[PDB]
Structures are given as structure tokens and as C-alpha cells.
>>> print(open('start-v5.cif').read())   # mmCIF, N, CA, C and O atoms
data_start
#
loop_
_atom_site.label_atom_id
_atom_site.label_comp_id
_atom_site.auth_asym_id
_atom_site.auth_seq_id
_atom_site.Cartn_x
_atom_site.Cartn_y
_atom_site.Cartn_z
N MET A 1 98.28 104.34 113.32
CA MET A 1 98.29 103.06 112.61
C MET A 1 97.77 103.35 111.20
O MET A 1 96.76 104.05 111.12
N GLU A 2 98.51 102.94 110.18
CA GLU A 2 98.19 103.19 108.77
C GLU A 2 96.87 102.51 108.39
O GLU A 2 96.74 101.29 108.53
N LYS A 3 95.84 103.33 108.20
CA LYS A 3 94.53 102.80 107.81
C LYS A 3 94.00 103.59 106.61
O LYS A 3 94.13 104.81 106.55
N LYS A 4 93.44 102.82 105.68
CA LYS A 4 92.82 103.37 104.47
C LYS A 4 91.29 103.37 104.58
O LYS A 4 90.69 102.54 105.25
N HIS A 5 90.71 104.38 103.93
CA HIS A 5 89.27 104.67 103.95
C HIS A 5 88.58 104.28 102.64
O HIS A 5 88.85 104.79 101.56
N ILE A 6 87.68 103.31 102.80
CA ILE A 6 86.84 102.74 101.73
C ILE A 6 85.39 103.06 102.11
O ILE A 6 84.79 102.42 102.97
N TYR A 7 84.86 104.07 101.43
CA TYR A 7 83.48 104.53 101.67
C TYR A 7 82.55 104.17 100.51
O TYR A 7 82.82 104.43 99.34
N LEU A 8 81.46 103.52 100.91
CA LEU A 8 80.41 103.00 100.01
C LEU A 8 79.17 103.89 100.06
O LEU A 8 78.75 104.36 101.12
N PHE A 9 78.66 104.15 98.86
CA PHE A 9 77.50 105.03 98.63
C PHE A 9 76.43 104.40 97.75
O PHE A 9 76.70 103.74 96.74
N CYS A 10 75.22 104.50 98.29
CA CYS A 10 73.94 104.16 97.66
C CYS A 10 72.89 105.14 98.18
O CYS A 10 73.18 105.92 99.08
N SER A 11 71.66 105.06 97.66
CA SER A 11 70.60 106.03 97.97
C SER A 11 70.31 106.19 99.46
O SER A 11 70.16 107.30 99.97
N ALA A 12 70.20 105.07 100.17
CA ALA A 12 69.88 105.10 101.60
C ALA A 12 71.03 104.76 102.55
O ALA A 12 71.08 105.29 103.66
N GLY A 13 71.94 103.90 102.10
CA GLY A 13 73.08 103.44 102.92
C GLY A 13 72.90 102.09 103.62
O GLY A 13 73.86 101.60 104.22
N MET A 14 71.75 101.44 103.46
CA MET A 14 71.42 100.27 104.28
C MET A 14 71.58 98.88 103.67
O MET A 14 71.96 97.97 104.40
N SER A 15 71.29 98.68 102.39
CA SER A 15 71.44 97.37 101.73
C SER A 15 72.90 96.95 101.54
O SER A 15 73.24 95.77 101.67
N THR A 16 73.78 97.93 101.35
CA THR A 16 75.24 97.78 101.30
C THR A 16 75.87 97.27 102.60
O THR A 16 76.96 96.71 102.57
N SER A 17 75.15 97.39 103.71
CA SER A 17 75.64 97.05 105.05
C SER A 17 76.21 95.63 105.17
O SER A 17 77.24 95.42 105.80
N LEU A 18 75.52 94.67 104.55
CA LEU A 18 75.93 93.26 104.58
C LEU A 18 77.24 93.03 103.82
O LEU A 18 78.13 92.36 104.34
N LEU A 19 77.37 93.65 102.65
CA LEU A 19 78.64 93.65 101.90
C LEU A 19 79.78 94.25 102.73
O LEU A 19 80.76 93.55 102.99
N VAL A 20 79.51 95.39 103.36
CA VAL A 20 80.44 96.07 104.27
C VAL A 20 80.85 95.12 105.41
O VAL A 20 82.03 94.93 105.67
N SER A 21 79.85 94.52 106.04
CA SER A 21 80.03 93.56 107.15
C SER A 21 80.95 92.40 106.78
O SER A 21 81.93 92.13 107.47
N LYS A 22 80.72 91.82 105.60
CA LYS A 22 81.54 90.74 105.05
C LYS A 22 82.96 91.20 104.69
O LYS A 22 83.92 90.53 105.06
N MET A 23 83.06 92.37 104.07
CA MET A 23 84.35 93.01 103.74
C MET A 23 85.18 93.25 105.00
O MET A 23 86.31 92.78 105.06
N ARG A 24 84.52 93.74 106.05
CA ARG A 24 85.12 93.95 107.37
C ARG A 24 85.59 92.64 108.00
O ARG A 24 86.77 92.51 108.32
N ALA A 25 84.74 91.61 107.99
CA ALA A 25 85.06 90.31 108.57
C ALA A 25 86.26 89.62 107.91
O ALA A 25 87.04 88.94 108.57
N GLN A 26 86.38 89.79 106.60
CA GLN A 26 87.51 89.27 105.82
C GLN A 26 88.75 90.16 105.97
O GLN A 26 89.85 89.62 106.08
N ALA A 27 88.56 91.46 106.14
CA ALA A 27 89.64 92.41 106.46
C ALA A 27 90.26 92.12 107.83
O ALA A 27 91.48 92.18 107.95
N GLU A 28 89.44 91.67 108.77
CA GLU A 28 89.89 91.22 110.10
C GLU A 28 90.67 89.91 110.00
O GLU A 28 91.81 89.81 110.43
N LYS A 29 90.10 88.97 109.25
CA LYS A 29 90.68 87.64 109.02
C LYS A 29 92.05 87.69 108.34
O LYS A 29 92.88 86.81 108.56
N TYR A 30 92.17 88.58 107.36
CA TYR A 30 93.39 88.77 106.57
C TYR A 30 94.19 90.02 106.95
O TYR A 30 94.93 90.55 106.13
N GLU A 31 94.01 90.45 108.19
CA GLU A 31 94.66 91.60 108.84
C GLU A 31 95.01 92.78 107.93
O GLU A 31 96.07 93.41 108.00
N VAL A 32 93.96 93.27 107.28
CA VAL A 32 93.97 94.41 106.37
C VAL A 32 93.47 95.63 107.14
O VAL A 32 92.26 95.76 107.35
N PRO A 33 94.34 96.58 107.47
CA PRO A 33 93.95 97.77 108.24
C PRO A 33 93.23 98.83 107.40
O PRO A 33 93.79 99.80 106.90
N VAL A 34 91.92 98.63 107.33
CA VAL A 34 90.99 99.49 106.58
C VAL A 34 89.67 99.74 107.32
O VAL A 34 89.21 98.94 108.13
N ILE A 35 89.15 100.93 107.07
CA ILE A 35 87.84 101.40 107.56
C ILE A 35 86.87 101.39 106.38
O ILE A 35 87.12 102.00 105.33
N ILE A 36 85.87 100.53 106.53
CA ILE A 36 84.84 100.31 105.51
C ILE A 36 83.48 100.67 106.11
O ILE A 36 83.01 100.00 107.02
N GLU A 37 82.88 101.71 105.54
CA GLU A 37 81.61 102.29 105.99
C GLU A 37 80.72 102.69 104.82
O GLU A 37 81.19 103.07 103.74
N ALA A 38 79.42 102.57 105.07
CA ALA A 38 78.37 102.89 104.09
C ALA A 38 77.56 104.13 104.50
O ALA A 38 77.27 104.34 105.67
N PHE A 39 77.31 104.96 103.49
CA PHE A 39 76.65 106.27 103.60
C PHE A 39 75.67 106.53 102.46
O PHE A 39 75.83 105.95 101.39
N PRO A 40 74.65 107.36 102.67
CA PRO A 40 73.82 107.86 101.57
C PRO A 40 74.56 108.85 100.67
O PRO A 40 75.45 109.58 101.12
N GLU A 41 74.12 108.88 99.42
CA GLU A 41 74.71 109.63 98.31
C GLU A 41 74.84 111.14 98.54
O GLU A 41 75.78 111.78 98.06
N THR A 42 73.97 111.69 99.38
CA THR A 42 73.94 113.09 99.81
C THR A 42 75.26 113.57 100.43
O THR A 42 75.74 114.66 100.14
N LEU A 43 75.93 112.64 101.11
CA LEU A 43 77.20 112.90 101.80
C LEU A 43 78.44 112.52 101.00
O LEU A 43 79.57 112.58 101.49
N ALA A 44 78.24 112.32 99.70
CA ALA A 44 79.30 111.99 98.74
C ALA A 44 80.39 113.06 98.65
O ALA A 44 81.57 112.72 98.69
N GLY A 45 79.99 114.33 98.68
CA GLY A 45 80.92 115.46 98.74
C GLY A 45 81.68 115.46 100.07
O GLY A 45 82.79 114.94 100.14
N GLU A 46 80.88 115.61 101.12
CA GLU A 46 81.36 115.88 102.49
C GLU A 46 82.31 114.82 103.03
O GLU A 46 83.39 115.12 103.54
N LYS A 47 81.90 113.56 102.89
CA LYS A 47 82.67 112.41 103.39
C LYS A 47 83.66 111.83 102.38
O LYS A 47 84.78 111.50 102.76
N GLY A 48 83.32 111.92 101.10
CA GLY A 48 84.18 111.45 99.99
C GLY A 48 85.53 112.16 99.93
O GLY A 48 86.54 111.58 99.53
N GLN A 49 85.56 113.37 100.48
CA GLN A 49 86.76 114.21 100.63
C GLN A 49 87.88 113.55 101.43
O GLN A 49 89.06 113.76 101.15
N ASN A 50 87.49 112.69 102.36
CA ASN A 50 88.43 111.91 103.19
C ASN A 50 88.53 110.43 102.82
O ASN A 50 89.37 109.72 103.36
N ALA A 51 87.84 110.05 101.75
CA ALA A 51 87.95 108.69 101.20
C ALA A 51 89.20 108.56 100.33
O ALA A 51 89.65 109.53 99.71
N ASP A 52 89.81 107.38 100.43
CA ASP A 52 90.92 106.97 99.55
C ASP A 52 90.38 106.27 98.30
O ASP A 52 91.02 106.32 97.25
N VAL A 53 89.23 105.62 98.43
CA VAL A 53 88.38 105.23 97.29
C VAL A 53 86.91 105.30 97.71
O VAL A 53 86.53 105.06 98.85
N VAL A 54 86.13 105.74 96.72
CA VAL A 54 84.67 105.82 96.79
C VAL A 54 84.11 104.71 95.89
O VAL A 54 84.45 104.58 94.72
N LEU A 55 83.29 103.88 96.53
CA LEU A 55 82.59 102.78 95.85
C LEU A 55 81.07 103.01 95.82
O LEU A 55 80.45 103.40 96.81
N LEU A 56 80.53 102.81 94.63
CA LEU A 56 79.11 103.04 94.32
C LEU A 56 78.35 101.74 94.06
O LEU A 56 78.86 100.81 93.44
N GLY A 57 77.12 101.74 94.55
CA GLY A 57 76.10 100.71 94.25
C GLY A 57 75.73 100.75 92.77
O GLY A 57 75.50 101.84 92.25
N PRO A 58 75.60 99.60 92.10
CA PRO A 58 75.25 99.57 90.67
C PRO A 58 73.96 100.29 90.31
O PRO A 58 73.86 100.92 89.26
N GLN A 59 73.03 100.37 91.26
CA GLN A 59 71.78 101.13 91.17
C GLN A 59 71.95 102.64 90.99
O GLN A 59 71.18 103.26 90.26
N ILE A 60 73.05 103.19 91.50
CA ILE A 60 73.37 104.61 91.31
C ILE A 60 74.62 104.80 90.45
O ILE A 60 75.23 105.87 90.43
N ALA A 61 74.88 103.82 89.59
CA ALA A 61 76.03 103.85 88.67
C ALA A 61 75.94 104.96 87.62
O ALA A 61 76.96 105.54 87.25
N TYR A 62 74.72 105.31 87.23
CA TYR A 62 74.48 106.45 86.33
C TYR A 62 74.92 107.80 86.92
O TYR A 62 75.22 108.74 86.18
N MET A 63 75.04 107.85 88.24
CA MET A 63 75.53 109.02 88.99
C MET A 63 77.05 109.08 89.14
O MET A 63 77.57 110.09 89.61
N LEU A 64 77.77 108.09 88.61
CA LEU A 64 79.23 108.12 88.52
C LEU A 64 79.76 109.39 87.86
O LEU A 64 80.47 110.08 88.59
N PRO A 65 79.30 109.85 86.70
CA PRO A 65 79.73 111.14 86.13
C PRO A 65 79.54 112.32 87.09
O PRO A 65 80.48 113.09 87.29
N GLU A 66 78.45 112.31 87.85
CA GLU A 66 78.08 113.44 88.72
C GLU A 66 78.88 113.48 90.02
O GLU A 66 79.23 114.55 90.53
N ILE A 67 79.15 112.30 90.57
CA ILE A 67 79.98 112.11 91.77
C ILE A 67 81.47 112.26 91.43
O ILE A 67 82.22 112.83 92.22
N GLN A 68 81.84 111.85 90.22
CA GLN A 68 83.15 112.15 89.62
C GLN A 68 83.37 113.66 89.53
O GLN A 68 84.39 114.16 90.00
N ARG A 69 82.32 114.38 89.15
CA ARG A 69 82.28 115.84 89.12
C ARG A 69 82.50 116.44 90.51
O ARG A 69 83.16 117.47 90.66
N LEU A 70 81.83 115.86 91.50
CA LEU A 70 81.93 116.25 92.92
C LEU A 70 83.32 116.01 93.50
O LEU A 70 83.79 116.77 94.35
N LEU A 71 83.88 114.86 93.16
CA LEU A 71 85.17 114.35 93.65
C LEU A 71 86.12 114.05 92.49
O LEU A 71 86.53 112.90 92.30
N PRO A 72 86.63 115.07 91.81
CA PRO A 72 87.47 114.87 90.62
C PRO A 72 88.91 114.44 90.91
O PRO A 72 89.60 113.94 90.02
N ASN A 73 89.27 114.46 92.19
CA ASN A 73 90.63 114.08 92.62
C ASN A 73 90.69 112.76 93.40
O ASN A 73 91.73 112.38 93.93
N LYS A 74 89.54 112.09 93.50
CA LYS A 74 89.41 110.86 94.30
C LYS A 74 88.94 109.74 93.37
O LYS A 74 88.09 110.00 92.52
N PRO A 75 89.54 108.55 93.44
CA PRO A 75 89.12 107.42 92.61
C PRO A 75 87.74 106.90 93.04
O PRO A 75 87.46 106.70 94.22
N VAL A 76 86.85 107.03 92.06
CA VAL A 76 85.43 106.71 92.24
C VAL A 76 85.06 105.62 91.22
O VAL A 76 84.89 105.90 90.03
N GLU A 77 84.73 104.47 91.79
CA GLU A 77 84.38 103.26 91.02
C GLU A 77 83.06 102.66 91.50
O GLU A 77 82.60 102.86 92.62
N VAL A 78 82.44 101.95 90.56
CA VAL A 78 81.18 101.22 90.78
C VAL A 78 81.50 99.76 91.10
O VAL A 78 82.39 99.14 90.51
N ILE A 79 80.75 99.21 92.05
CA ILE A 79 80.79 97.78 92.39
C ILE A 79 80.06 97.01 91.29
O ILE A 79 78.91 97.30 90.96
N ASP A 80 80.75 95.99 90.80
CA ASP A 80 80.21 95.05 89.80
C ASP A 80 78.93 94.37 90.29
O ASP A 80 78.83 93.86 91.40
N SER A 81 77.96 94.42 89.38
CA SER A 81 76.61 93.87 89.54
C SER A 81 76.59 92.43 90.07
O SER A 81 76.00 92.15 91.11
N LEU A 82 77.43 91.58 89.48
CA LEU A 82 77.51 90.15 89.80
C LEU A 82 78.13 89.91 91.18
O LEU A 82 77.58 89.14 91.96
N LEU A 83 79.21 90.62 91.51
CA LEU A 83 79.84 90.58 92.83
C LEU A 83 78.90 91.02 93.95
O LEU A 83 78.93 90.45 95.04
N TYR A 84 78.09 92.03 93.66
CA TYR A 84 77.07 92.58 94.56
C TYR A 84 75.92 91.59 94.77
O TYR A 84 75.58 91.30 95.92
N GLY A 85 75.43 90.98 93.69
CA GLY A 85 74.39 89.95 93.71
C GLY A 85 74.83 88.68 94.46
O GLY A 85 74.02 88.02 95.11
N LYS A 86 76.11 88.36 94.32
CA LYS A 86 76.76 87.21 94.97
C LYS A 86 77.20 87.51 96.41
O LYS A 86 77.42 86.60 97.20
N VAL A 87 77.27 88.80 96.73
CA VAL A 87 77.77 89.41 97.96
C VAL A 87 79.11 88.78 98.38
O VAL A 87 79.28 88.22 99.46
N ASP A 88 80.08 89.02 97.51
CA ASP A 88 81.45 88.52 97.65
C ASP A 88 82.37 89.64 98.15
O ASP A 88 82.90 90.47 97.41
N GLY A 89 82.49 89.64 99.47
CA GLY A 89 83.22 90.66 100.23
C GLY A 89 84.68 90.82 99.81
O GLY A 89 85.11 91.92 99.47
N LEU A 90 85.34 89.68 99.60
CA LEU A 90 86.77 89.64 99.27
C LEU A 90 87.07 90.24 97.89
O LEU A 90 87.99 91.03 97.75
N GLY A 91 86.24 89.88 96.91
CA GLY A 91 86.28 90.38 95.53
C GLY A 91 86.23 91.91 95.47
O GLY A 91 87.15 92.55 94.98
N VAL A 92 85.27 92.46 96.21
CA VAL A 92 85.04 93.91 96.30
C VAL A 92 86.17 94.59 97.07
O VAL A 92 86.69 95.61 96.63
N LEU A 93 86.65 93.95 98.14
CA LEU A 93 87.77 94.44 98.96
C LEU A 93 89.04 94.56 98.12
O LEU A 93 89.67 95.61 98.07
N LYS A 94 89.30 93.53 97.32
CA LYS A 94 90.43 93.48 96.38
C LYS A 94 90.33 94.56 95.30
O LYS A 94 91.32 95.24 95.05
N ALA A 95 89.12 94.80 94.80
CA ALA A 95 88.86 95.83 93.79
C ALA A 95 89.08 97.24 94.34
O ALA A 95 89.84 98.02 93.76
N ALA A 96 88.69 97.42 95.60
CA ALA A 96 88.86 98.67 96.35
C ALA A 96 90.33 99.00 96.60
O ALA A 96 90.83 100.03 96.14
N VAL A 97 91.08 97.99 97.04
CA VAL A 97 92.52 98.07 97.31
C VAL A 97 93.30 98.30 96.02
O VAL A 97 94.28 99.04 95.98
N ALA A 98 92.84 97.63 94.96
CA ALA A 98 93.38 97.72 93.60
C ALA A 98 93.22 99.14 93.05
O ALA A 98 94.18 99.69 92.51
N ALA A 99 92.07 99.76 93.31
CA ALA A 99 91.76 101.13 92.90
C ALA A 99 92.60 102.17 93.65
O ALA A 99 93.21 103.03 93.03
N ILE A 100 92.82 101.93 94.94
CA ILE A 100 93.71 102.73 95.79
C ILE A 100 95.12 102.70 95.19
O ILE A 100 95.80 103.72 95.09
N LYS A 101 95.57 101.49 94.87
CA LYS A 101 96.86 101.29 94.21
C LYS A 101 96.95 101.82 92.78
O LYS A 101 98.00 102.38 92.47
N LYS A 102 95.84 101.89 92.05
CA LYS A 102 95.82 102.47 90.70
C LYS A 102 95.67 103.99 90.73
O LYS A 102 95.29 104.66 89.77
N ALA A 103 95.84 104.50 91.95
CA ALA A 103 95.88 105.94 92.28
C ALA A 103 97.23 106.34 92.89
O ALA A 103 97.78 107.38 92.54
N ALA A 104 97.65 105.60 93.90
CA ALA A 104 98.94 105.77 94.59
C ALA A 104 100.17 105.37 93.77
O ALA A 104 101.28 105.76 94.11
N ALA A 105 99.97 104.48 92.80
CA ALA A 105 101.03 103.79 92.05
C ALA A 105 100.44 103.20 90.77
O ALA A 105 99.32 103.53 90.39
N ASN A 106 101.26 102.36 90.13
CA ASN A 106 100.93 101.47 89.01
C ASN A 106 100.78 102.21 87.68
O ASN A 106 101.12 103.41 87.64
#
>>> encode(input="start-v5.cif", output="C-alpha cells")
Amino acid sequence: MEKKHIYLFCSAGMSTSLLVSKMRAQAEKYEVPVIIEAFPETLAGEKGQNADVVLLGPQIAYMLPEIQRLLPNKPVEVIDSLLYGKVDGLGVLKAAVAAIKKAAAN
């Protein structure tokens, strides 16, 4: 079954969980076949290798150049501060899908 990988990275992996949970619940509601999981930044190399998009917490946004260095062939984007503060699952899900498409096409 065609499924895309959206992996989220922050220092510990735990505060992002609620955003992931909401993104998942809306992905279920709108029958979007995607795997959305959160991990610590240490596994950015190892797990990012199988990501279709890598999403970063605004708190580790300064590490975008360094993770870009780690994963130069994978679209690596930061989650918008306001969307994260608002915890708007759909907004972030759309941005993730949009980034996948700004890699595969467009």
C-alpha cells in the first residue's frame, strides 16, 4: 500500500507527539496514507535516510544547515512557529505533503 514517510525531529522527540497525534487523526479522517513519527535529532542521519520529508521543530531550526548537510538528498524543512504554537495538524500535514511534491514534481 503506497505510504509516505513524514519524520519529525526535535531534541528529545516528546513535545512534537501531540502535533503528530493530531496530524495522524486528520490523516485518518481524510484517508491520507502516511506514516508520521517523532524522533530525537541524533537519529536524523539513520532514520532520515528513509524519510520522504524531514520536519524540524523551530527550536532546532538553526540546525537546518547541519541536518541539510547530513541529508543533502532529502527535503528538510522547519515547522512554522505559529502553526506549532497553534498546534494545527492539518496545516503542517499540508506543508509536509507540499514539500514531498516540491521534490517529486512541481
>>> closest_residue(input="start-v5.cif", among="A:105, A:10, A:56, A:93", to="residue 39 in chain A", atoms="only C-alpha atoms")
A:10
>>> atom_distance(input="start-v5.cif", atom1="CA of residue 103 in chain A", atom2="CA of residue 73 in chain A")
9.7 Å
>>> closest_residue(input="start-v5.cif", among="A:44, A:52, A:98, A:85", to="residue 11 in chain A", atoms="only C-alpha atoms")
A:44
>>> atom_distance(input="start-v5.cif", atom1="CA of residue 89 in chain A", atom2="CA of residue 28 in chain A")
11.9 Å
>>> resolve_selection(input="start-v5.cif", expression="the PyMOL selection byres (((chain A and resi 90 and name CA) around 10) and name CA)", output="PyMOL selection string")
chain A and resi 19+22-27+30+83+87-89+91-96
>>> residues_around(input="start-v5.cif", residues="residue 45 in chain A", least_positions_apart="2", cutoff="12 Å", atoms="only C-alpha atoms", output="mmCIF file with N, CA, C and O atoms, in the frame of the given file")
data_model
loop_
_atom_site.group_PDB
_atom_site.id
_atom_site.type_symbol
_atom_site.label_atom_id
_atom_site.label_comp_id
_atom_site.auth_asym_id
_atom_site.auth_seq_id
_atom_site.Cartn_x
_atom_site.Cartn_y
_atom_site.Cartn_z
ATOM 1 N N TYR A 7 84.860 104.070 101.430
ATOM 2 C CA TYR A 7 83.480 104.530 101.670
ATOM 3 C C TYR A 7 82.550 104.170 100.510
ATOM 4 O O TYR A 7 82.820 104.430 99.340
ATOM 5 N N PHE A 9 78.660 104.150 98.860
ATOM 6 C CA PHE A 9 77.500 105.030 98.630
ATOM 7 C C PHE A 9 76.430 104.400 97.750
ATOM 8 O O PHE A 9 76.700 103.740 96.740
ATOM 9 N N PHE A 39 77.310 104.960 103.490
ATOM 10 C CA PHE A 39 76.650 106.270 103.600
ATOM 11 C C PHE A 39 75.670 106.530 102.460
ATOM 12 O O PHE A 39 75.830 105.950 101.390
ATOM 13 N N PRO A 40 74.650 107.360 102.670
ATOM 14 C CA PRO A 40 73.820 107.860 101.570
ATOM 15 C C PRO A 40 74.560 108.850 100.670
ATOM 16 O O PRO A 40 75.450 109.580 101.120
ATOM 17 N N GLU A 41 74.120 108.880 99.420
ATOM 18 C CA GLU A 41 74.710 109.630 98.310
ATOM 19 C C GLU A 41 74.840 111.140 98.540
ATOM 20 O O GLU A 41 75.780 111.780 98.060
ATOM 21 N N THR A 42 73.970 111.690 99.380
ATOM 22 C CA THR A 42 73.940 113.090 99.810
ATOM 23 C C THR A 42 75.260 113.570 100.430
ATOM 24 O O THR A 42 75.740 114.660 100.140
ATOM 25 N N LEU A 43 75.930 112.640 101.110
ATOM 26 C CA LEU A 43 77.200 112.900 101.800
ATOM 27 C C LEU A 43 78.440 112.520 101.000
ATOM 28 O O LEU A 43 79.570 112.580 101.490
ATOM 29 N N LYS A 47 81.900 113.560 102.890
ATOM 30 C CA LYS A 47 82.670 112.410 103.390
ATOM 31 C C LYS A 47 83.660 111.830 102.380
ATOM 32 O O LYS A 47 84.780 111.500 102.760
ATOM 33 N N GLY A 48 83.320 111.920 101.100
ATOM 34 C CA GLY A 48 84.180 111.450 99.990
ATOM 35 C C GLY A 48 85.530 112.160 99.930
ATOM 36 O O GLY A 48 86.540 111.580 99.530
ATOM 37 N N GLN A 49 85.560 113.370 100.480
ATOM 38 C CA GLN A 49 86.760 114.210 100.630
ATOM 39 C C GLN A 49 87.880 113.550 101.430
ATOM 40 O O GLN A 49 89.060 113.760 101.150
ATOM 41 N N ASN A 50 87.490 112.690 102.360
ATOM 42 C CA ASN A 50 88.430 111.910 103.190
ATOM 43 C C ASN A 50 88.530 110.430 102.820
ATOM 44 O O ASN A 50 89.370 109.720 103.360
ATOM 45 N N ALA A 51 87.840 110.050 101.750
ATOM 46 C CA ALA A 51 87.950 108.690 101.200
ATOM 47 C C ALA A 51 89.200 108.560 100.330
ATOM 48 O O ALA A 51 89.650 109.530 99.710
ATOM 49 N N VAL A 54 86.130 105.740 96.720
ATOM 50 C CA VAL A 54 84.670 105.820 96.790
ATOM 51 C C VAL A 54 84.110 104.710 95.890
ATOM 52 O O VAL A 54 84.450 104.580 94.720
ATOM 53 N N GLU A 66 78.450 112.310 87.850
ATOM 54 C CA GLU A 66 78.080 113.440 88.720
ATOM 55 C C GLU A 66 78.880 113.480 90.020
ATOM 56 O O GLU A 66 79.230 114.550 90.530
ATOM 57 N N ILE A 67 79.150 112.300 90.570
ATOM 58 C CA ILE A 67 79.980 112.110 91.770
ATOM 59 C C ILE A 67 81.470 112.260 91.430
ATOM 60 O O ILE A 67 82.220 112.830 92.220
ATOM 61 N N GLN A 68 81.840 111.850 90.220
ATOM 62 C CA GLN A 68 83.150 112.150 89.620
ATOM 63 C C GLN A 68 83.370 113.660 89.530
ATOM 64 O O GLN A 68 84.390 114.160 90.000
ATOM 65 N N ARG A 69 82.320 114.380 89.150
ATOM 66 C CA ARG A 69 82.280 115.840 89.120
ATOM 67 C C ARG A 69 82.500 116.440 90.510
ATOM 68 O O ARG A 69 83.160 117.470 90.660
ATOM 69 N N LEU A 70 81.830 115.860 91.500
ATOM 70 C CA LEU A 70 81.930 116.250 92.920
ATOM 71 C C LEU A 70 83.320 116.010 93.500
ATOM 72 O O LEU A 70 83.790 116.770 94.350
ATOM 73 N N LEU A 71 83.880 114.860 93.160
ATOM 74 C CA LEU A 71 85.170 114.350 93.650
ATOM 75 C C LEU A 71 86.120 114.050 92.490
ATOM 76 O O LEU A 71 86.530 112.900 92.300
ATOM 77 N N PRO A 72 86.630 115.070 91.810
ATOM 78 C CA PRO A 72 87.470 114.870 90.620
ATOM 79 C C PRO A 72 88.910 114.440 90.910
ATOM 80 O O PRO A 72 89.600 113.940 90.020
ATOM 81 N N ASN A 73 89.270 114.460 92.190
ATOM 82 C CA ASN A 73 90.630 114.080 92.620
ATOM 83 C C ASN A 73 90.690 112.760 93.400
ATOM 84 O O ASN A 73 91.730 112.380 93.930
ATOM 85 N N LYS A 74 89.540 112.090 93.500
ATOM 86 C CA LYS A 74 89.410 110.860 94.300
ATOM 87 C C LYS A 74 88.940 109.740 93.370
ATOM 88 O O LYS A 74 88.090 110.000 92.520
ATOM 89 N N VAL A 76 86.850 107.030 92.060
ATOM 90 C CA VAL A 76 85.430 106.710 92.240
ATOM 91 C C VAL A 76 85.060 105.620 91.220
ATOM 92 O O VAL A 76 84.890 105.900 90.030
#
>>> select_by_dssp(input="start-v5.cif", residues="range 26-74 of chain A", states="alpha helix (DSSP H)", output="ChimeraX atom specification")
/A:26-29,44-48,64-70
>>> atom_distance(input="start-v5.cif", atom1="CA of residue 20 in chain A", atom2="CA of residue 86 in chain A")
13.4 Å
>>> resolve_selection(input="start-v5.cif", expression="the PyMOL selection byres ((chain A and resi 78) around 7)", output="number ranges by chain")
A: 54-58, 61, 76-77, 79-81
